[PDB]
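Step one of this worksheet: look at the structure below.
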Amino acid sequence: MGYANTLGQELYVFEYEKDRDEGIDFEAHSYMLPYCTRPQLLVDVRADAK
Amino acid sequence: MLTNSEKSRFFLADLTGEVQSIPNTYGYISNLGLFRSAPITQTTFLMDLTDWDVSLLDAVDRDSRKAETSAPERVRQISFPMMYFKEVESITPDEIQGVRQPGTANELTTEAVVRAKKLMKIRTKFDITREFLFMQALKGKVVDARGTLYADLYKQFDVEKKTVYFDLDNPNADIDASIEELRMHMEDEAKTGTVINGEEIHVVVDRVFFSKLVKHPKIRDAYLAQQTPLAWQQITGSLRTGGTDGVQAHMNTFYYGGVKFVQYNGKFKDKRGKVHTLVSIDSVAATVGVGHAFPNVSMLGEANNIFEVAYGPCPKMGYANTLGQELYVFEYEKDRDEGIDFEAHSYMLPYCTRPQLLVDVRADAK
Amino acid sequence: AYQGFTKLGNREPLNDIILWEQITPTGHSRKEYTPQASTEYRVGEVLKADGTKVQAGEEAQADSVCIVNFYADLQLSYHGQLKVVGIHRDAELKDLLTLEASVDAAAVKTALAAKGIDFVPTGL
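Protein chains in written order, with PDB author numbering: chain A, 317 to 366; chain B, 1 to 366; chain M, 2 to 125.
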């Protein structure tokens, strides 16, 4: 709820109680996508004939 | 402020804002102040009824030394239930994640705006329900929009109901006779024990009844033949000189025989889809004129108020025996910051203590 | 209310029907009956010699008029007394008799009048 329209982060961490003090919970979130803007510069290389 | 064009993402067009349509609300009776607020700390209440009567006296011979005697009075008791209303609403992050505001170009929605809008909607709904319940109580039977029967005053107090027929369709029908019948009924059936002036009453009617009454030849000629400002104003002026309901700034009004007629157009829609006209009378075709008459507050004074509203407490903790309030609003936070949820509560019952003074009026004749 | 109305019942009649009676150190015009089982008594009811109420066909057996409201389930009157009390001798009472079904009032009144009991015609 508190992060609906905020800037992204490398890794979110949250902590919550389990009611009646029986324990604690953890959560990890990430929303990422890597990409290259010059794909023509990526070339495969092989050590076999044609 | 600029936004993307209609058929190209590389060109911009100007946005000029928004226009909103808001549904009509009427709330006429709620503003008259007829119904007093009587909060209570219980889920039910009682009342006591006392009656006695007298009759003429018969002559007896002097020497016989016989006499007569009067019977004792009768005491009775009654009770009432009350109606409970509740509704729920919630807000979740998906309502504000990337959702543009209608009236802007690139501004996002926020929690505060949704909160305010939803609370306003809740308040509007509760006001509409209160108005409908007040009108139903004035009719004499309190029934929920779903159709459930909660109170039947004409049976709670052992008494009947009266209907007055005007026969406006007949050109020769006289209206003063019906008006006098209404006045005598109101003056005689009170049995308050004090002098009563029946001239102080409200008469609320619908569109068809008002038109038929105004256009009757006998009324029109009588008001046309008189040279006085009242005659001029009604015949050729504007009849919209009353107060304001929730929509229009003036309500149609007509004066005749010392009685004041008002036209009320209030209507609401049930969630089933049907329309609930406020001034209608049960099981009568809408083509026939219909009205309702009830006494003014000054007809008996605050010492003998006739209309009341009761308010009960909320079922939640901390309100076990509190005095009660018109409306409760609560908010709670969802688990692990998932959203917000609201609640609105109400508990009330409007009633009347002398239901025999409520008279219905009809335009047809029987 | 389920039917739209609730009624908690009317107040029981109060003992005021007696206009005149023979005052005496011991009640000369009053008699005591042993309350019959499962019978509810109220002011103004007519009782036979055995304490049971008078039904149709036996008005000639009317004996006395009840005076105290008696609750059967408690076996106790509303004043906490153990017995039913009724008028069985000369007296003047308001004409507020309560009778069972198909009981002829005239016959009961004629039978009682033989014992000296007169009824004053109450107004409205």
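C-beta atoms are modelled at their ideal positions from N, C-alpha and C, and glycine is treated no differently.
Would you mind working out which of B:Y150, B:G301, B:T104 and B:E89 sits nearest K117 of chain B, comparing C-alpha positions?
-> Counted from its first residue, the second sequence places residue 117 of chain B at position 117. Among B:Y150, B:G301, B:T104 and B:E89, the Cα nearest to that of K117 of chain B is on B:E89.
Kindly list the residues whose CB is nearer than 8 angstroms to the CB of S30 of chain M, restricted to its own chain and excluding five residues on each side of it in sequence; keep chain order.
-> Numbered from 1 along the third sequence, position 29 holds the residue referred to as residue 30 of chain M. Cβ within range, chain order: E22, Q23, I88, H89, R90, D91 and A92.
CB contact check: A108 of chain M to chain B, cutoff 8 angstroms | As a position in the third sequence, residue 108 of chain M is number 107, starting the count at 1. Not closer than 8 angstroms to any Cβ of chain B, the Cβ of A108 of chain M fails to qualify, so no.
First and last residue of the alpha helix (DSSP H) that includes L168 of chain B?
-> Translated into the one-based positions of the second sequence, residue 168 of chain B becomes position 168. Where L168 of chain B is concerned, there is no enclosing alpha helix (DSSP H), given that its DSSP letter is neither H nor E.
Three-state secondary structure assigned by DSSP to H185 of chain B = The residue labelled residue 185 of chain B in the question sits at position 185 within the second sequence. DSSP places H185 of chain B in helix when its eight states are reduced to three.
Is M120 of chain B helix, strand or coil when you go by DSSP?
-> Sequence index remark: in the second sequence, residue 120 of chain B carries index 120 (1-based). Helix, per DSSP.
May I ask you to list, following chain order, the residues of the segment 74–106 of chain B that have a beta carbon less than 7 angstroms from some beta carbon of chain A?
-> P93, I96 and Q97
Where does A137 of chain B land, buried or exposed, given buried means 16+ other C-beta within 10 angstroms?
-> Translated into the one-based positions of the second sequence, residue 137 of chain B becomes position 137. Looking at its Cβ environment, which holds 16 or more other Cβ atoms inside 10 Å, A137 of chain B is buried.
Rank B:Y165, B:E95 and B:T129 by C-alpha distance to the C-alpha of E338 of chain B and give the top, closest one.
-> In the second sequence, the residue the question calls residue 338 of chain B occupies position 338. For the residues B:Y165, B:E95 and B:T129, the minimum Cα distance to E338 of chain B belongs to B:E95.
Could you check the C-alpha separation between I281 of chain B and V208 of chain B for me, to the nearest Å?
-> In the second sequence, counting from the first residue as 1, residue 281 of chain B sits at position 281. In the second sequence, counting from the first residue as 1, residue 208 of chain B sits at position 208. In a straight line, the C-alpha of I281 of chain B is about 13 angstroms away from that of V208 of chain B.
Determine, using beta carbons only, whether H276 of chain B and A145 of chain B come nearer to each other than 8 angstroms.
-> For the purposes of this step, residue 276 of chain B is taken as residue 276 along the second sequence, with counting starting at 1. For the purposes of this step, residue 145 of chain B is taken as residue 145 along the second sequence, with counting starting at 1. Yes, Cβ-Cβ distance for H276 of chain B and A145 of chain B is below 8 angstroms.
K32 of chain M versus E73 of chain B: straight-line alpha-carbon distance, rounded | As a first step, residue 32 of chain M must be located in the third sequence, where it is residue number 31. As a first step, residue 73 of chain B must be located in the second sequence, where it is residue number 73. Straight-line Cα distance between these residues: approximately 28 angstroms.
Go through its chain and collect everything with a Cβ distance to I196 of chain B's Cβ below 6 angstroms, but skip five positions before and after it.
-> Position 196 of the second sequence holds residue 196 of chain B. Here the set comprises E187 and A190.
How would you call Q263 of chain B, buried or exposed, if buried means at least 16 neighbouring beta carbons within 10 angstroms?
-> Residue numbering aside, residue 263 of chain B sits at position 263 when the second sequence is read from its first letter. So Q263 of chain B counts as buried.
Just how far apart, CA to CA, sit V104 of chain M and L113 of chain M?
-> Residue numbering aside, residue 104 of chain M sits at position 103 when the third sequence is read from its first letter. Residue numbering aside, residue 113 of chain M sits at position 112 when the third sequence is read from its first letter. Their backbone Cα atoms lie some 14 angstroms apart in a straight line.
Tell me whether residue 372 of chain B is buried or exposed, calling it buried when 16 or more other Cβ atoms sit within 10 Å of its Cβ.
-> Absent from the structure is residue 372 of chain B, since the part of chain B shown begins at 1 and ends at 366.
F342 of chain A: buried (16+ other C-beta within 10 angstroms of its C-beta) or exposed?
-> Position 26 of the first sequence holds residue 342 of chain A. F342 of chain A should be labelled exposed.
Are there 16 or more other CB atoms within 10 angstroms of the CB of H80 of chain M, so buried, or fewer, so exposed?
-> For the purposes of this step, residue 80 of chain M is taken as the residue at position 79 of the third sequence. Exposed, since its Cβ has fewer than 16 Cβ neighbours within 10 Å.
Three-state secondary structure (DSSP) at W52 of chain B?
-> By one-based count along the second sequence, residue 52 of chain B stands at place 52. Of the three classes helix, strand and coil, the one that applies to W52 of chain B here is coil, per DSSP.
Can you tell me which of the three DSSP states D127 of chain B falls into?
-> Within the second sequence, residue 127 of chain B is the residue found at index 127, counting from 1. Note: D127 of chain B maps to helix in three-state DSSP.
The beta strand (DSSP E) spanning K260 of chain B covers which residue range?
-> Position 260 of the second sequence, counted from the first residue, corresponds to residue 260 of chain B. Looking at the DSSP string, the run of the beta strand (DSSP E) that includes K260 of chain B is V259 to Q263.
What are the start and end residues of the alpha helix (DSSP H) that includes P217 of chain B?
-> Taking the first residue of the second sequence as 1, we reach residue 217 of chain B at position 217. Looking at the DSSP string, the run of the alpha helix (DSSP H) that includes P217 of chain B is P217 to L224.
Can you tell which of M:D51, M:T27, M:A61 and M:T99 has its C-alpha closest to the C-alpha of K116 of chain M?
-> Translated into the one-based positions of the third sequence, residue 116 of chain M becomes position 115. Closest by alpha carbon: M:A61.
Taking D337 of chain B as the query, report the chain A residues whose CB atoms sit under 9 angstroms from its CB, ordered along the chain.
-> Here the question's residue 337 of chain B lines up with position 337 in the second sequence. Correct list: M317, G318, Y319, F330 and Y332.
Can you grab the Cα-Cα spacing for the pair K366 of chain A / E6 of chain B, in whole Å?
-> Residue 366 of chain A sits at position 50 when you count from the first residue of the first sequence. Residue 6 of chain B sits at position 6 when you count from the first residue of the second sequence. Roughly 51 angstroms separates the two Cα atoms.
Whole-angstrom distance between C352 of chain B and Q156 of chain B, CA atom to CA atom | For this step, residue 156 of chain B is matched to residue 156 along the second sequence. For this step, residue 352 of chain B is matched to residue 352 along the second sequence. Cα to Cα, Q156 of chain B sits roughly 11 angstroms from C352 of chain B.
Minimum C-alpha distance to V109 of chain M - residue among M:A63, M:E46 and M:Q82 | Indexing the third sequence from 1 puts residue 109 of chain M at position 108. Among M:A63, M:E46 and M:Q82, the Cα nearest to that of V109 of chain M is on M:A63.
Using a C-beta cutoff of 8 angstroms, does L300 of chain B count as contacting chain A?
-> Along the second sequence, read from residue 1 onward, the residue named residue 300 of chain B stands at position 300. Chain A contact via Cβ: absent.
Span of the alpha helix (DSSP H) holding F210 of chain B?
-> Walking along the second sequence from the start, residue 210 of chain B turns up at place 210. Note, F210 of chain B: alpha helix (DSSP H), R207 to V214.
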